[PDB]
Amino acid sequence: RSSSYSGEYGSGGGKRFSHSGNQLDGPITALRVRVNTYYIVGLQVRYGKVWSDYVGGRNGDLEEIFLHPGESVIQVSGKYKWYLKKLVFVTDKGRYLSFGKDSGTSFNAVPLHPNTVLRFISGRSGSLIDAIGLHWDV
C-alpha cells in the first residue's frame, strides 16, 4: 500500500462523509471553506472539473481558493475543539492556504509513503465541521 490516512481530527458529533468516490473525477483543483467567528462551518472540494456535494452548515462566510495546474497538497495542519476551527493546506508550489481561526488543539498531517499527495478528504459534519480526515495516495 502506498496510501495512508491522517485522522481523525475533531470529535464524534454529526454524520460522517467521504469524498472517496470523488477522486475518480480527478485530483484536487480547488477548495471551498465556509468560516464564521469561531468555527469551520462547511467544506467543498473540487476534484478535477467537478465540485463535491457541500457538507456542513450555512452559518458562515464562503472562502475559496483555486489551485494552480499541477499543484497538489502535501501537508495539512489545523485546530479544533469539539468542532474543527482551522485548516491550512500546504501545496508543493510552496503556498500556504489558511482558513479559519487560530485557537484550540493543533494537528499536523503528512503522508506516510514516498511521493504521495492529498487525494480526498473525509470526516464528520452537521451544522459545522465536527471532524476531518485526510487521505493520501499517488
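The first residue of the sequence shown is number 1, and the count goes up from there.
Higher mean CA temperature factor between 67-75 and 34-42: 67-75, per the PDB entry. If you average the C-alpha B-factors over 6-14 and over 121-129, the higher value belongs to 6-14. Sorting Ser52, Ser103, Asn108, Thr29 by the CA temperature factor given in the entry leaves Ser103 at the top. Remark: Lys85 belongs to the middle third of its chain, ranked by C-alpha B-factor as recorded. Remark: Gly56 belongs to the middle third of its chain, ranked by C-alpha B-factor as recorded.
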